[PDB]
Structures are given as structure tokens and as C-alpha cells.
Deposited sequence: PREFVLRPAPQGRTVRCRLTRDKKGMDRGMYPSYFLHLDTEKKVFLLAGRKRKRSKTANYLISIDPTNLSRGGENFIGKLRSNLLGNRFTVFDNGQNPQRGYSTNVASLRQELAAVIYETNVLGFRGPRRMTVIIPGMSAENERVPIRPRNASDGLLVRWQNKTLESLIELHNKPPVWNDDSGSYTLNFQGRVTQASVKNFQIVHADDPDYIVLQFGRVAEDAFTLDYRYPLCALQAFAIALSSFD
């Protein structure tokens, strides 16, 4: 589990999951969408934070594995593993410092779907993550993004919906994985391949969603990115 939720998905495979929330500060749960519904991750928003802050766990009853934190404004998020914030203790061993696993920037709509940018660490030819572990808040994923120093990173965006002449709607082909309209419905792709669906999220019921991820993402990145879409 601890291993699994941090491993990039296998080449050529789509890992399909079911994300549920309590029917505020609801809990969220992620399971593999197999007939043996194995539990992966859970998260919940902390009430006593100045900004949106979700703790993520590999124990659905409580194992702290990561955190989703928004900026003050609320339109930008960073995903961290379980390591220490360097600003809270400069003498801490570098290996114990938190890494940044993803960032999400949402465009703000006029007072519907929001356009999204997702930035993650780059991968080696070994197909493992090249970790980003800032020694202070003068570096990080959002920082590199705004500076446009994207060498060690991967940039992704939500795929624009297209006209479905059969359903008379602007939508995406979710392959039956998404059955209800929602501002949370999305596909995340790279510019180089609009058909390789890195992350798909969408509603199947009042409190249930599907979340399907592919390489280079792991389950923790996928889950946290999906959580950022709630609000």
C-alpha cells in the first residue's frame, strides 16, 4: 500500500478507481474499481487551517501519506508527501524533507468547468520520479511554473471538450466511466498527445466518482489532483 500508492502506473495500463465521499468537511475514499474493491487512500479537509488543507492517509479510519494545500487565494494547490516542511526545522535531514508531487492551477470563471494546469516532477528513462524537495519556499513546483523553468517538470492541462453531434453537447468520451454532468468531470492530457488520458475524473452518482490514472502518475498524485476539484 504505502509502496503502491506512490508508484507510477505500469506502462500501457490504466488503473481504474472509485472515489466516494460521505453523503463542511466530508471524508473522501479511493478504492481500486475491481470486484475486489481494495482500499487505496482517504482524505479529509482540516478545519483549523488558514487555507484549504487536506490530509491524506493510507488508513481510512485514521499512516499519514500526503497533503493537499491551497494557496491563500484558493485557485492554486500543491501536493506534498509526508515529509517535514523545511521552514519548520532547518537542521532536518534532507531525506526527511517533504517533496512536492504535483501542483494544480485553476483559472477563475466569471461569477461551469474551470481550465486546469497540472505540473508534476519529471521522470527518468528508468521511469521513476525525479524528486523535488525544496530547502526553502523559494523553490517548488508553482515557483518553477511561474518562472517558466520547466526542465525537470512535466506540464499537463485539461482537455477541451468537443461537440458530440449525437448528444447535442460539448463533452468528452469518458468510455462509460462518467455518467452524470458535473463541473468536476475532466481529462488531463499532455500537449504532445491529446488521446493519451493521463487522468480522468467524473461523476457516476450523488457521492461517487471514477478516477482513472495512467503513467506517469501514481495514485497519490491522482487522488490529490481529484480532491482539488472539490470545494
Deposited positions lacking CA coordinates
24-29, 69-74, 124-126
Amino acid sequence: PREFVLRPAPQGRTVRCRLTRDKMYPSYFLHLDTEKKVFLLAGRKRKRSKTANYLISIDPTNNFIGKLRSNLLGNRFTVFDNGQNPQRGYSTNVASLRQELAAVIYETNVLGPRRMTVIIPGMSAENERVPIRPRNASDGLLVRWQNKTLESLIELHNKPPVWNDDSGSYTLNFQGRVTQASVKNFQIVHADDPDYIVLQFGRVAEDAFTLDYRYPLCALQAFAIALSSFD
From here on, numbers count along this sequence of modelled residues.
Of 98-106 and 118-126, the one with larger mean CA B-factor:
118-126
Going by the entry, of stretches 216-224 and 6-14 the one with greater average Cα B-factor is 6-14
Looking at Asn173, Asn63, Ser169, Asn185, which has the highest Cα B-factor in the entry?
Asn63
Highest recorded C-alpha temperature factor, please, choosing from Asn158, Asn147, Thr78, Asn75.
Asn147
Taking the chain's C-alpha temperature factors as the reference, tell me which third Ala191 falls into: lowest, middle or highest.
middle
Assert third(CA B-factor, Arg203) within chain per record equals middle
Of the three thirds of its chain by CA temperature factor, lowest, middle or highest, which one includes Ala52?
highest
CA B-factor placement of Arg177, once the chain's modelled residues are sorted into thirds
lowest
Consider only the C-alpha atoms of the modelled residues in this chain, order them by B-factor as the entry records it, and name the third containing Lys36: lowest, middle or highest.
highest
